[PDB]
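*Asks:* Handing you a structure now.
All Cβ positions, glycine included, derive from the backbone under ideal geometry; neighbour counts span all protein chains shown. The values are calculated or read from the model by the stated rules, or taken from the named source; no laboratory read-out is quoted.
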Amino acid sequence: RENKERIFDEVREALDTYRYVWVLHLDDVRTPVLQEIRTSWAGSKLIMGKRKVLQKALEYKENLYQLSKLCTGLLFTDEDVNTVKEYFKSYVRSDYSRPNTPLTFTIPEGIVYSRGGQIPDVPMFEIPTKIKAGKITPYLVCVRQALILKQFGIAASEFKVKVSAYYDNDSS
Amino acid sequence: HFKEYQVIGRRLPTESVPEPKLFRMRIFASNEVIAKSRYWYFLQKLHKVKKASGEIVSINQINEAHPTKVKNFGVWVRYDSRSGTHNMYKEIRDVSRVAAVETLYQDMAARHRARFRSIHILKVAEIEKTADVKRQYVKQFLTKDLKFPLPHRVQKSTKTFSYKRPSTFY
Amino acid sequence: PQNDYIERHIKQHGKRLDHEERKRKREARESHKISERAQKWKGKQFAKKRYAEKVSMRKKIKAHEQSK
Amino acid sequence: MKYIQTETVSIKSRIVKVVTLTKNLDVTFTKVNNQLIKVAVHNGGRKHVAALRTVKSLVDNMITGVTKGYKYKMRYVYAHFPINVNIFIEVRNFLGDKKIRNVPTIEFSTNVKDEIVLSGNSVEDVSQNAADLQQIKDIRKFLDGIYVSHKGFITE
RNA sequence: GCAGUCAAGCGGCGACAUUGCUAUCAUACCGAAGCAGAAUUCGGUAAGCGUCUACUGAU
RNA sequence: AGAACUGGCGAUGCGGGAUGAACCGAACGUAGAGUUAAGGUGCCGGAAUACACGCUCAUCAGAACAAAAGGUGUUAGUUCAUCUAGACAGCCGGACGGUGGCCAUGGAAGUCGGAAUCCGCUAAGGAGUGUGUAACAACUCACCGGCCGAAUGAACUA
């Protein structure tokens, strides 16, 4: 319960500590990617939390609650908008497949492999699998598809960080 | 039938101390004798003055200002059972205080097997606003335009036979 | 015969086509089964076993709670 | 607590029809608009709460079966003794058992080895048939047998 | 039994665990065992069969 | 066993506990008229299948002892926390870096063994709660993000 107060105080303190306030539309990303984004610079700070808590915290300032609902990613940054947006639109990482988020991967009708035999591989869902006295033995995917792709280590999800709204810390 | 009587306590005045402590309290009972007995019993435990040294001055009945208004009475009760005594709180929806306490006693006998001997009335007050009724089964009746049927009605007849076999529609 | 005969068979053919589901369902029924048996001299033994298990679990939880 | 109220088809006495499937059911219904059916139980207890919920689930299952149907897919495998199945449904030659077994829309499935598919409008009937077929000595030593693969719908 | 970390209550006691020697035998629908198979024991169920009053023949 | 005290039987009817010495009322001329006590009011049994509250389905409920516990049985309350900053459950996702945290083993990368659990960061995380690995890996448990719309989670008491 007290964890909400920590985010409340941190946001209310860091609001004026940075030149610009930005909201990022990201809600499903691997933690290492988020940590890399956070450590990519020191002049900006990544803000996240509950959407409703942010709405209550974000009135503190004029028109502050308008774009707060579009957070729950929120970013405090002092650098110019041009650099931040250029990095966001250029930065991209091939993350793990997510539900209903296009390659021609197909499971061979024979022995199964860790990567599904796509590469020339290390032999090892409701599919008609069977055990061949020790071995396991086509199928295609193009939510179960995302799980199947993850089982084979496929990272077709080319997620890119994006910015939705612009707010001025001194002029809204 | 139950009734409400107000009693006061001014245990005999020692020299130079007339009208001591004006021990006023309210008692729920059927007749005046039972009300006085319960008042004496309560005094014998709340403090150390005995009945022999005490004296009843006046007993007056207290009716209800609006005996035709439905109220959600809040009831605080202290009672005892096979285990040590423990306080209890309940809410009853009734028109009058006397009816509310009667239903309280009946419910205590039903679920808690208690009786008049083991039941002590702490205080009774009316709930002035909605959403203050903690008990859900009482707040249920406070919904807007509550309407419900009464399926499977029962009926009685003087005659011991009937040629119709009537249905319980209602 | 062999040092891992049953282990070899399990590793080569796994288990029944629904062994996992059957075991999960049987474990799920344990809560209902325990309650049903508690109300059905064997009663003394069942009550003693249940009380001993409850006491052991409570003691283990309380002793380890000191870590926080 | 002491509850007071809780909540092409037709509503009448406990004999119900859905369009076809029919079933026999202490509750009441209302044909408000023929699209949503109200379920109401008055002065009920703990038992009534459970009884009311199961009626809605059964009605939903019947509606889904009528509109989509259910198909309990099944499959079987053998190691040494081939399992002989003929379609009345019969099971023979399993484990060398001379005691031929018999079971009361049932047909084989193409392009899937040793697969048998059961389908029907009523969910209960199909499920009971699948359970009966599955029902018919170290437990782990024999992988062979007949088991349900997936309880998919007819209109997959 | 001796002393005790022993402790829900509780007027200095206290069920609970741990530390020292001194209504089936087979007849089984059912599950477990490290039950590859036979065999096996265990919890399973059933007492079915195994192992001067009264009439036994009567008017 | 010894023994201080008060009541009935002893010598004591009759009503009732269907059944009786240890119980309750009541102690007594034969009678006519009405009201009670114990004890009763569905029948054997003369008397209301009376009124109101809920309680319980016992696989033999209900009409002096094993009584400490069990029930995810039921009917109602006390205490501690969460709670519209969005109750629990149900789902999707995060669930990370030094790291293969220190020691031998053929191997032990968190889950065959011995002991600390350092610590960056975040909305969030144990050098890990389990399934699982020959040795990896994957799911995941407490811990967090989104949908949902309000009262809920835990121990006791009658």
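*Asks:* Tell me, which residue of region D:118-156 that is more than 16 Å from RNA strand F (Cβ to nearest atom) and β-branched (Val, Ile, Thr) is nearest to the other protein chains (Cβ to nearest Cβ)?
*Replies:* Across region D:118-156, the extreme among qualifying residues is D:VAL148.
*Asks:* Another question, then. Using the structure shown, decide if D:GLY44 is assigned to a loop (DSSP other than H, G, I, E, B), in the same structural domain as D:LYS12 (by CATH) and small (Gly, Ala, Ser).
*Replies:* On the way: assigned to a loop (DSSP other than H, G, I, E, B): yes; in the same structural domain as D:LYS12 (by CATH): yes; small (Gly, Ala, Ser): yes.
It is true that D:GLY44 is assigned to a loop (DSSP other than H, G, I, E, B), in the same structural domain as D:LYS12 (by CATH) and small (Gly, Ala, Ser).
*Asks:* Can we say A:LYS4 is surrounded by 13 or more Cβ atoms within 10 Å (Cβ to Cβ) and closer than 14 Å to A:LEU75 by Cα?
*Replies:* No: the conditions fail for A:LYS4.
*Asks:* If I ask for residues that are closer than 19 Å to A:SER94 by Cβ and more than 12 Å from RNA strand F (Cβ to nearest atom), which ones from region A:1-41 would you list?
*Replies:* Hit for region A:1-41 is A:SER40, nothing else.
*Asks:* Further, regarding this structure: When only residues in region D:1-28 that are part of a strand (DSSP E or B) and within 14 Å of chain B (Cβ to nearest Cβ) count, which is nearest to D:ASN61 (Cα to Cα)?
*Replies:* Of the residues in region D:1-28, the ones part of a strand (DSSP E or B) are D:5-6, D:9, D:15-18, D:21-24, D:28.
Add one more test, that the residue is within 14 Å of chain B (Cβ to nearest Cβ), and what stays is D:5-6, D:28.
Working: D:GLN5: 24, D:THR6: 21, D:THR28: 19 Å.
Step by step, filter region D:1-28, then rank; the result is D:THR28.
*Asks:* Another question about this same structure. Quick one: what pairs do we get from region C:1-17, first residue facing chain D (nearest Cβ under 7 Å), second of a type in the set (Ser, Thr, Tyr) and more than 10 Å from RNA strand E (Cβ to nearest atom), C-beta under 6 Å, 6+ apart or different chains?
*Replies:* Taking only residues 6 or more apart or on different chains, the pairs are C:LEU17/D:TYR147.
*Asks:* In region D:116-156, what count of residues is obtained for those that are over 30 Å from C:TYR5 (Cα atoms) and not in a loop (DSSP other than H, G, I, E, B)? Before the answer, list the steps.
*Replies:* So in region D:116-156, the residues over 30 Å from C:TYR5 (Cα atoms) come out as D:116-133, D:150-156.
Keeping just the survivors that are not in a loop (DSSP other than H, G, I, E, B) gives D:116-120, D:123-133, D:150, D:153.
Selection size over region D:116-156: 18.
*Asks:* Counting residues that are under 17 Å from the mean Cα position of the chain (by Cα) and in the same structural domain as B:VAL138 (by CATH), which strands (runs of 3 or more DSSP E) fully inside region B:55-96 reach at least 3?
*Replies:* Correct list: B:71-79, B:86-94.
*Asks:* Which condition number in (1) in a loop (DSSP other than H, G, I, E, B); (2) within 14 Å of chain B (Cβ to nearest Cβ) is the one that D:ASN34 fails?
*Replies:* In the conditions (1) in a loop (DSSP other than H, G, I, E, B); (2) within 14 Å of chain B (Cβ to nearest Cβ), D:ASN34 misses (2) alone.
*Asks:* Checking C:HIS32 against (1) within 14 Å of chain D (Cβ to nearest Cβ); (2) part of a helix (DSSP H, G or I); (3) not hydroxyl-bearing (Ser, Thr, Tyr), which single condition isn't satisfied?
*Replies:* It is condition (1) that C:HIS32 fails.
*Asks:* How do the pairs read when you match residues in region C:18-42 that are within 13 Å of RNA strand E (Cβ to nearest atom) with residues anywhere that are assigned to a helix (DSSP H, G or I), using Cβ under 7 Å and keeping only pairs 6 or more apart or on different chains?
*Replies:* Final answer for the pair search is C:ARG37/C:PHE46.
*Asks:* Here is a follow-up. Would you say D:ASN84 is within 23 Å of D:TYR3 (Cα to Cα) and not hydrophobic (A, V, I, L, M, F, W, C)? Break it down stepwise before answering.
*Replies:* On the way: within 23 Å of D:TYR3 (Cα to Cα): no; not hydrophobic (A, V, I, L, M, F, W, C): yes.
So D:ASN84 fails the test.
*Asks:* Another question about this same structure. Take D:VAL55 and tell me if it is surrounded by 15 or more Cβ atoms within 10 Å (Cβ to Cβ), within 14 Å of chain B (Cβ to nearest Cβ) and in contact with a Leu (Cβ under 8 Å, 6 or more places away or on another chain).
*Replies:* On the way: surrounded by 15 or more Cβ atoms within 10 Å (Cβ to Cβ): yes; within 14 Å of chain B (Cβ to nearest Cβ): no; in contact with a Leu (Cβ under 8 Å, 6 or more places away or on another chain): yes.
Considered against the rule, which asks whether it is surrounded by 15 or more Cβ atoms within 10 Å (Cβ to Cβ), within 14 Å of chain B (Cβ to nearest Cβ) and in contact with a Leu (Cβ under 8 Å, 6 or more places away or on another chain), D:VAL55 comes out as no.
*Asks:* Further, regarding this structure: All but one of (1) part of a loop (DSSP other than H, G, I, E, B); (2) charged (D, E, K, R); (3) away from chain D (no Cβ under 14 Å); (4) closer than 28 Å to D:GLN134 by Cα hold for C:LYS40; which doesn't?
*Replies:* C:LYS40 satisfies all of (1) part of a loop (DSSP other than H, G, I, E, B); (2) charged (D, E, K, R); (3) away from chain D (no Cβ under 14 Å); (4) closer than 28 Å to D:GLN134 by Cα except (4).
*Asks:* Something else now. In this structure, does B:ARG135 turn out to be within 17 Å of B:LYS71 (Cβ to Cβ), within 12 Å of the chain's Cα centre (by Cα) and either among the charged types (D, E, K, R) or away from RNA strand E (no atom under 16 Å from the Cβ) (or both)? First the steps, then the outcome.
*Replies:* Numbers: within 17 Å of B:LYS71 (Cβ to Cβ): yes; within 12 Å of the chain's Cα centre (by Cα): no; either among the charged types (D, E, K, R) or away from RNA strand E (no atom under 16 Å from the Cβ) (or both): yes.
When the stated conditions are applied, B:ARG135 does not pass them.
*Asks:* While we're here: Name the residues in region D:69-89 that are of a type in the set (A, V, I, L, M) and assigned to a strand (DSSP E or B), would you?
*Replies:* The initial filter retains those residues of region D:69-89 that are of a type in the set (A, V, I, L, M), namely D:74, D:77, D:79, D:83, D:85, D:87, D:89.
Residues satisfying the conditions are D:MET74, D:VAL77, D:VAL85, D:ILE89.
*Asks:* Can I ask one more? Kindly indicate the residue of region B:93-116 that is out of contact with any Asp or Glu (no Cβ under 9 Å at 6 or more places or on another chain) and of a type in the set (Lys, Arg) and also farthest from B:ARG82 (Cα to Cα) among those meeting that condition.
*Replies:* The extreme case among them is B:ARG93.
*Asks:* Would you mind stating whether D:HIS48 is within 14 Å of chain B (Cβ to nearest Cβ) and within 25 Å of the chain's Cα centre (by Cα)?
*Replies:* yes
*Asks:* Name the residues in region B:35-82 that are basic (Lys, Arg) and surrounded by fewer than 12 Cβ atoms within 10 Å (Cβ to Cβ), would you?
*Replies:* Initial filter on region B:35-82 (basic (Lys, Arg)): B:36, B:38, B:45, B:48, B:50-51, B:69, B:71, B:78, B:82.
Correct list: B:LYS45, B:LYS48, B:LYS50, B:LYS69, B:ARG82.
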